[PDB]
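Below: final02.pdb (PDB, N, CA and C atoms)
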```pdb
MODEL        1
ATOM      1  N   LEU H1149       0.827  -1.203   0.000  1.00  0.00           N
ATOM      2  CA  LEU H1149       0.000   0.000   0.000  1.00  0.00           C
ATOM      3  C   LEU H1149       0.863   1.256   0.000  1.00  0.00           C
ATOM      4  N   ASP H1150       1.925   1.263   0.809  1.00  0.00           N
ATOM      5  CA  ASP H1150       2.809   2.423   0.865  1.00  0.00           C
ATOM      6  C   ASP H1150       3.561   2.605  -0.448  1.00  0.00           C
ATOM      7  N   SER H1151       4.001   1.502  -1.059  1.00  0.00           N
ATOM      8  CA  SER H1151       4.671   1.598  -2.352  1.00  0.00           C
ATOM      9  C   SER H1151       3.735   2.133  -3.427  1.00  0.00           C
ATOM     10  N   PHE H1152       2.479   1.677  -3.434  1.00  0.00           N
ATOM     11  CA  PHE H1152       1.520   2.182  -4.409  1.00  0.00           C
ATOM     12  C   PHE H1152       1.209   3.653  -4.161  1.00  0.00           C
ATOM     13  N   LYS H1153       1.145   4.065  -2.892  1.00  0.00           N
ATOM     14  CA  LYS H1153       0.910   5.471  -2.580  1.00  0.00           C
ATOM     15  C   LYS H1153       2.081   6.334  -3.043  1.00  0.00           C
ATOM     16  N   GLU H1154       3.308   5.842  -2.857  1.00  0.00           N
ATOM     17  CA  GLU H1154       4.478   6.582  -3.321  1.00  0.00           C
ATOM     18  C   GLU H1154       4.498   6.680  -4.842  1.00  0.00           C
ATOM     19  N   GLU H1155       4.151   5.590  -5.532  1.00  0.00           N
ATOM     20  CA  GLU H1155       4.076   5.630  -6.990  1.00  0.00           C
ATOM     21  C   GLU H1155       2.995   6.600  -7.453  1.00  0.00           C
ATOM     22  N   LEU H1156       1.874   6.644  -6.731  1.00  0.00           N
ATOM     23  CA  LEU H1156       0.802   7.582  -7.043  1.00  0.00           C
ATOM     24  C   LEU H1156       1.272   9.023  -6.879  1.00  0.00           C
ATOM     25  N   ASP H1157       1.986   9.302  -5.787  1.00  0.00           N
ATOM     26  CA  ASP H1157       2.501  10.649  -5.563  1.00  0.00           C
ATOM     27  C   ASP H1157       3.517  11.035  -6.630  1.00  0.00           C
ATOM     28  N   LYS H1158       4.361  10.085  -7.043  1.00  0.00           N
ATOM     29  CA  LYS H1158       5.323  10.367  -8.106  1.00  0.00           C
ATOM     30  C   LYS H1158       4.619  10.645  -9.427  1.00  0.00           C
ATOM     31  N   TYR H1159       3.571   9.876  -9.737  1.00  0.00           N
ATOM     32  CA  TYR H1159       2.805  10.128 -10.955  1.00  0.00           C
ATOM     33  C   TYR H1159       2.133  11.495 -10.911  1.00  0.00           C
ATOM     34  N   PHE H1160       1.616  11.889  -9.745  1.00  0.00           N
ATOM     35  CA  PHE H1160       1.017  13.216  -9.618  1.00  0.00           C
ATOM     36  C   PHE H1160       2.057  14.313  -9.815  1.00  0.00           C
ATOM     37  N   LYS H1161       3.228  14.165  -9.192  1.00  0.00           N
ATOM     38  CA  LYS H1161       4.281  15.167  -9.340  1.00  0.00           C
ATOM     39  C   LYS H1161       4.760  15.248 -10.785  1.00  0.00           C
ATOM     40  N   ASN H1162       4.744  14.119 -11.496  1.00  0.00           N
ATOM     41  CA  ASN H1162       5.113  14.136 -12.908  1.00  0.00           C
ATOM     42  C   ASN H1162       4.037  14.816 -13.748  1.00  0.00           C
ATOM     43  N   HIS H1163       2.766  14.580 -13.420  1.00  0.00           N
ATOM     44  CA  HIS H1163       1.660  15.190 -14.148  1.00  0.00           C
ATOM     45  C   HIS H1163       1.452  16.657 -13.790  1.00  0.00           C
ATOM     46  N   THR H1164       2.119  17.165 -12.751  1.00  0.00           N
ATOM     47  CA  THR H1164       2.028  18.586 -12.433  1.00  0.00           C
ATOM     48  C   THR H1164       2.800  19.466 -13.408  1.00  0.00           C
ATOM     49  N   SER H1165       3.547  18.880 -14.344  1.00  0.00           N
ATOM     50  CA  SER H1165       4.360  19.662 -15.270  1.00  0.00           C
ATOM     51  C   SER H1165       3.516  20.330 -16.355  1.00  0.00           C
ATOM     52  N   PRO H1166       2.610  19.610 -17.049  1.00  0.00           N
ATOM     53  CA  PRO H1166       1.836  20.362 -18.043  1.00  0.00           C
ATOM     54  C   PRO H1166       0.740  21.217 -17.412  1.00  0.00           C
TER      55      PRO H1166
ATOM     56  N   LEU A1149      -4.293  -5.280  -7.732  1.00  0.00           N
ATOM     57  CA  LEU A1149      -3.427  -4.106  -7.769  1.00  0.00           C
ATOM     58  C   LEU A1149      -3.142  -3.681  -9.204  1.00  0.00           C
ATOM     59  N   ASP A1150      -2.989  -4.649 -10.112  1.00  0.00           N
ATOM     60  CA  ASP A1150      -2.754  -4.313 -11.512  1.00  0.00           C
ATOM     61  C   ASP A1150      -3.967  -3.636 -12.136  1.00  0.00           C
ATOM     62  N   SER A1151      -5.172  -4.125 -11.837  1.00  0.00           N
ATOM     63  CA  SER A1151      -6.380  -3.479 -12.343  1.00  0.00           C
ATOM     64  C   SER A1151      -6.538  -2.079 -11.762  1.00  0.00           C
ATOM     65  N   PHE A1152      -6.209  -1.907 -10.478  1.00  0.00           N
ATOM     66  CA  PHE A1152      -6.275  -0.581  -9.874  1.00  0.00           C
ATOM     67  C   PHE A1152      -5.284   0.373 -10.530  1.00  0.00           C
ATOM     68  N   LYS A1153      -4.071  -0.104 -10.814  1.00  0.00           N
ATOM     69  CA  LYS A1153      -3.073   0.740 -11.465  1.00  0.00           C
ATOM     70  C   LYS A1153      -3.489   1.073 -12.893  1.00  0.00           C
ATOM     71  N   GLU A1154      -4.122   0.119 -13.581  1.00  0.00           N
ATOM     72  CA  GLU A1154      -4.614   0.381 -14.930  1.00  0.00           C
ATOM     73  C   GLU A1154      -5.720   1.429 -14.920  1.00  0.00           C
ATOM     74  N   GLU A1155      -6.643   1.335 -13.959  1.00  0.00           N
ATOM     75  CA  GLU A1155      -7.678   2.355 -13.832  1.00  0.00           C
ATOM     76  C   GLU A1155      -7.083   3.710 -13.472  1.00  0.00           C
ATOM     77  N   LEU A1156      -6.044   3.725 -12.635  1.00  0.00           N
ATOM     78  CA  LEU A1156      -5.365   4.975 -12.308  1.00  0.00           C
ATOM     79  C   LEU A1156      -4.732   5.592 -13.550  1.00  0.00           C
ATOM     80  N   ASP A1157      -4.097   4.765 -14.384  1.00  0.00           N
ATOM     81  CA  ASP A1157      -3.506   5.271 -15.620  1.00  0.00           C
ATOM     82  C   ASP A1157      -4.577   5.796 -16.569  1.00  0.00           C
ATOM     83  N   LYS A1158      -5.714   5.100 -16.654  1.00  0.00           N
ATOM     84  CA  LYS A1158      -6.805   5.573 -17.499  1.00  0.00           C
ATOM     85  C   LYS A1158      -7.333   6.919 -17.016  1.00  0.00           C
ATOM     86  N   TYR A1159      -7.496   7.077 -15.701  1.00  0.00           N
ATOM     87  CA  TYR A1159      -7.962   8.353 -15.167  1.00  0.00           C
ATOM     88  C   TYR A1159      -6.928   9.454 -15.376  1.00  0.00           C
ATOM     89  N   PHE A1160      -5.639   9.120 -15.275  1.00  0.00           N
ATOM     90  CA  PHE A1160      -4.598  10.108 -15.546  1.00  0.00           C
ATOM     91  C   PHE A1160      -4.627  10.552 -17.003  1.00  0.00           C
ATOM     92  N   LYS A1161      -4.840   9.610 -17.924  1.00  0.00           N
ATOM     93  CA  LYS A1161      -4.934   9.969 -19.336  1.00  0.00           C
ATOM     94  C   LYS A1161      -6.180  10.801 -19.611  1.00  0.00           C
ATOM     95  N   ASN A1162      -7.285  10.495 -18.924  1.00  0.00           N
ATOM     96  CA  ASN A1162      -8.506  11.273 -19.106  1.00  0.00           C
ATOM     97  C   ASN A1162      -8.373  12.674 -18.525  1.00  0.00           C
ATOM     98  N   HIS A1163      -7.579  12.831 -17.463  1.00  0.00           N
ATOM     99  CA  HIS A1163      -7.395  14.134 -16.834  1.00  0.00           C
ATOM    100  C   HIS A1163      -6.636  15.117 -17.717  1.00  0.00           C
ATOM    101  N   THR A1164      -6.072  14.664 -18.838  1.00  0.00           N
ATOM    102  CA  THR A1164      -5.342  15.559 -19.727  1.00  0.00           C
ATOM    103  C   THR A1164      -6.263  16.400 -20.602  1.00  0.00           C
ATOM    104  N   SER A1165      -7.550  16.064 -20.668  1.00  0.00           N
ATOM    105  CA  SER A1165      -8.493  16.808 -21.494  1.00  0.00           C
ATOM    106  C   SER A1165      -8.847  18.163 -20.878  1.00  0.00           C
ATOM    107  N   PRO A1166      -9.183  18.246 -19.575  1.00  0.00           N
ATOM    108  CA  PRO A1166      -9.463  19.600 -19.083  1.00  0.00           C
ATOM    109  C   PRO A1166      -8.193  20.414 -18.847  1.00  0.00           C
TER     110      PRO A1166
ENDMDL
END
```

Hey, can you dump this file as structure tokens for me?
Amino acid sequence: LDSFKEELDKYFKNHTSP
Amino acid sequence: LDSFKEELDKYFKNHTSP
């Protein structure tokens, strides 16, 4: 669960660029 | 978990429209 949450946060931080 | 990640990716791709 923590690994999936971290991956989710990384995907959000990546999608904050456009 | 794979289906959840696939749905997350689909929602991320859909979020690019607005």

- Task: Take the PyMOL selection byres (((chain A and resi 1158-1163 and name CA) around 12) and name CA), apply it to the structure above, and return the hits as a ChimeraX atom specification.
- Result: /H:1156,1159-1164,1166 /A:1151-1157,1164-1166

Where's the centre, and what are the edge lengths in Å to one decimal, of a box along x, y and z enclosing all listed atoms of stretch 1158-1161 of chain H padded 5 Å per side, as JSON?
```
{"center_x": 3.2, "center_y": 12.6, "center_z": -9.0, "size_x": 14.3, "size_y": 15.4, "size_z": 13.9}
```

- So which residues of chain A fall under alpha helix (DSSP H) by DSSP, listed as an MDAnalysis selection string? chainID A and resid 1150:1162

Selected residues written out with N, CA and C atoms, as an mmCIF file, in the frame of the given file:
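Contents of result_12.cif, as written:
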```
data_model
loop_
_atom_site.group_PDB
_atom_site.id
_atom_site.type_symbol
_atom_site.label_atom_id
_atom_site.label_comp_id
_atom_site.auth_asym_id
_atom_site.auth_seq_id
_atom_site.Cartn_x
_atom_site.Cartn_y
_atom_site.Cartn_z
ATOM 1 N N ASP A 1150 -2.989 -4.649 -10.112
ATOM 2 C CA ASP A 1150 -2.754 -4.313 -11.512
ATOM 3 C C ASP A 1150 -3.967 -3.636 -12.136
ATOM 4 N N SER A 1151 -5.172 -4.125 -11.837
ATOM 5 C CA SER A 1151 -6.380 -3.479 -12.343
ATOM 6 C C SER A 1151 -6.538 -2.079 -11.762
ATOM 7 N N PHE A 1152 -6.209 -1.907 -10.478
ATOM 8 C CA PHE A 1152 -6.275 -0.581 -9.874
ATOM 9 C C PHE A 1152 -5.284 0.373 -10.530
ATOM 10 N N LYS A 1153 -4.071 -0.104 -10.814
ATOM 11 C CA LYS A 1153 -3.073 0.740 -11.465
ATOM 12 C C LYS A 1153 -3.489 1.073 -12.893
ATOM 13 N N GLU A 1154 -4.122 0.119 -13.581
ATOM 14 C CA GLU A 1154 -4.614 0.381 -14.930
ATOM 15 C C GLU A 1154 -5.720 1.429 -14.920
ATOM 16 N N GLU A 1155 -6.643 1.335 -13.959
ATOM 17 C CA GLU A 1155 -7.678 2.355 -13.832
ATOM 18 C C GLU A 1155 -7.083 3.710 -13.472
ATOM 19 N N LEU A 1156 -6.044 3.725 -12.635
ATOM 20 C CA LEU A 1156 -5.365 4.975 -12.308
ATOM 21 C C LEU A 1156 -4.732 5.592 -13.550
ATOM 22 N N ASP A 1157 -4.097 4.765 -14.384
ATOM 23 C CA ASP A 1157 -3.506 5.271 -15.620
ATOM 24 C C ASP A 1157 -4.577 5.796 -16.569
ATOM 25 N N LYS A 1158 -5.714 5.100 -16.654
ATOM 26 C CA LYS A 1158 -6.805 5.573 -17.499
ATOM 27 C C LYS A 1158 -7.333 6.919 -17.016
ATOM 28 N N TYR A 1159 -7.496 7.077 -15.701
ATOM 29 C CA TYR A 1159 -7.962 8.353 -15.167
ATOM 30 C C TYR A 1159 -6.928 9.454 -15.376
ATOM 31 N N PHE A 1160 -5.639 9.120 -15.275
ATOM 32 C CA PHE A 1160 -4.598 10.108 -15.546
ATOM 33 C C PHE A 1160 -4.627 10.552 -17.003
ATOM 34 N N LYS A 1161 -4.840 9.610 -17.924
ATOM 35 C CA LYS A 1161 -4.934 9.969 -19.336
ATOM 36 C C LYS A 1161 -6.180 10.801 -19.611
ATOM 37 N N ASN A 1162 -7.285 10.495 -18.924
ATOM 38 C CA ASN A 1162 -8.506 11.273 -19.106
ATOM 39 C C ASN A 1162 -8.373 12.674 -18.525
#
```

Complete the atom set of stretch 1150-1165 of chain A to N, CA, C and O atoms and return it as a CSV table (one decimal), in the frame of the given file.
```
chain,number,residue,atom,x,y,z
A,1150,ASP,N,-3.0,-4.6,-10.1
A,1150,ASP,CA,-2.8,-4.3,-11.5
A,1150,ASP,C,-4.0,-3.6,-12.1
A,1150,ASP,O,-3.8,-2.7,-12.9
A,1151,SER,N,-5.2,-4.1,-11.8
A,1151,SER,CA,-6.4,-3.5,-12.3
A,1151,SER,C,-6.5,-2.1,-11.8
A,1151,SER,O,-7.0,-1.2,-12.5
A,1152,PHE,N,-6.2,-1.9,-10.5
A,1152,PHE,CA,-6.3,-0.6,-9.9
A,1152,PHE,C,-5.3,0.4,-10.5
A,1152,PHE,O,-5.6,1.5,-10.8
A,1153,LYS,N,-4.1,-0.1,-10.8
A,1153,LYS,CA,-3.1,0.7,-11.5
A,1153,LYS,C,-3.5,1.1,-12.9
A,1153,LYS,O,-3.3,2.2,-13.4
A,1154,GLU,N,-4.1,0.1,-13.6
A,1154,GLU,CA,-4.6,0.4,-14.9
A,1154,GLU,C,-5.7,1.4,-14.9
A,1154,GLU,O,-5.7,2.3,-15.8
A,1155,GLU,N,-6.6,1.3,-14.0
A,1155,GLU,CA,-7.7,2.4,-13.8
A,1155,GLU,C,-7.1,3.7,-13.5
A,1155,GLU,O,-7.6,4.7,-14.0
A,1156,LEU,N,-6.0,3.7,-12.6
A,1156,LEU,CA,-5.4,5.0,-12.3
A,1156,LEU,C,-4.7,5.6,-13.6
A,1156,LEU,O,-4.8,6.8,-13.8
A,1157,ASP,N,-4.1,4.8,-14.4
A,1157,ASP,CA,-3.5,5.3,-15.6
A,1157,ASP,C,-4.6,5.8,-16.6
A,1157,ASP,O,-4.4,6.8,-17.2
A,1158,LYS,N,-5.7,5.1,-16.7
A,1158,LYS,CA,-6.8,5.6,-17.5
A,1158,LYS,C,-7.3,6.9,-17.0
A,1158,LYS,O,-7.6,7.8,-17.8
A,1159,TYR,N,-7.5,7.1,-15.7
A,1159,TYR,CA,-8.0,8.4,-15.2
A,1159,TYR,C,-6.9,9.5,-15.4
A,1159,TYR,O,-7.3,10.6,-15.6
A,1160,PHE,N,-5.6,9.1,-15.3
A,1160,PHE,CA,-4.6,10.1,-15.5
A,1160,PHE,C,-4.6,10.6,-17.0
A,1160,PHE,O,-4.5,11.7,-17.3
A,1161,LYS,N,-4.8,9.6,-17.9
A,1161,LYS,CA,-4.9,10.0,-19.3
A,1161,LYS,C,-6.2,10.8,-19.6
A,1161,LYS,O,-6.2,11.7,-20.4
A,1162,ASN,N,-7.3,10.5,-18.9
A,1162,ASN,CA,-8.5,11.3,-19.1
A,1162,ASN,C,-8.4,12.7,-18.5
A,1162,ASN,O,-9.0,13.6,-19.0
A,1163,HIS,N,-7.6,12.8,-17.5
A,1163,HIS,CA,-7.4,14.1,-16.8
A,1163,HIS,C,-6.6,15.1,-17.7
A,1163,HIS,O,-6.6,16.3,-17.4
A,1164,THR,N,-6.1,14.7,-18.8
A,1164,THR,CA,-5.3,15.6,-19.7
A,1164,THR,C,-6.3,16.4,-20.6
A,1164,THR,O,-5.8,17.4,-21.2
A,1165,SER,N,-7.6,16.1,-20.7
A,1165,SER,CA,-8.5,16.8,-21.5
A,1165,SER,C,-8.8,18.2,-20.9
A,1165,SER,O,-8.8,19.2,-21.6
```
